[PDB]
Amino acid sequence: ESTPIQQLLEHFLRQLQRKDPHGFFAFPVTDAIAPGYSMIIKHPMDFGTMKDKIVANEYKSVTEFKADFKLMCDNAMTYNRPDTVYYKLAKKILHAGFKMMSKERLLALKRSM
């Protein structure tokens, strides 16, 4: 049993995860691999958490999903230095997400529904 919003959100999530083939954004960051992480990042987010929220139907809208996506990227851009693979990849993901879930993109989608 799934719903149209769940299917749409699963599509966006799958498209974004394709940009992170190594799964750096797939699971929560621990302090053991990222020293100090929990002291600097107060609201952690990752793709796996987002997938669980989709499954539990916790997102009422694409706006709420976008907010978690944005948090995940902002966290990575705040914690990691600009030279790192994690920072760079966060910028890539974020740009892809802005393109995919922009207001004009969502308008065109609404037109077709």
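Here, rigid core means the biggest group of C-alpha atoms that superpose within 1.5 Å across both forms. We number the residues from 1 along the sequence you see.
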Q | Which of 19-27 and 94-102 strays further in 9 other deposited structures of this protein - Cα RMS after rigid core alignment | A | 94-102
Q. Comparing 3-11 with 104-112, which has the greater mean CA B-factor as deposited?
A. 104-112
**Q.** Stretch with the greater mean C-alpha B-factor as recorded in the entry, comparing 81-89 against 68-76
**A.** 81-89
Q. Quick one: which of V55, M45, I41, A34 has the biggest Cα B-factor according to the entry?
A. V55
Q | CA B-factor ranking of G23, expressed as a third of its chain | A | middle
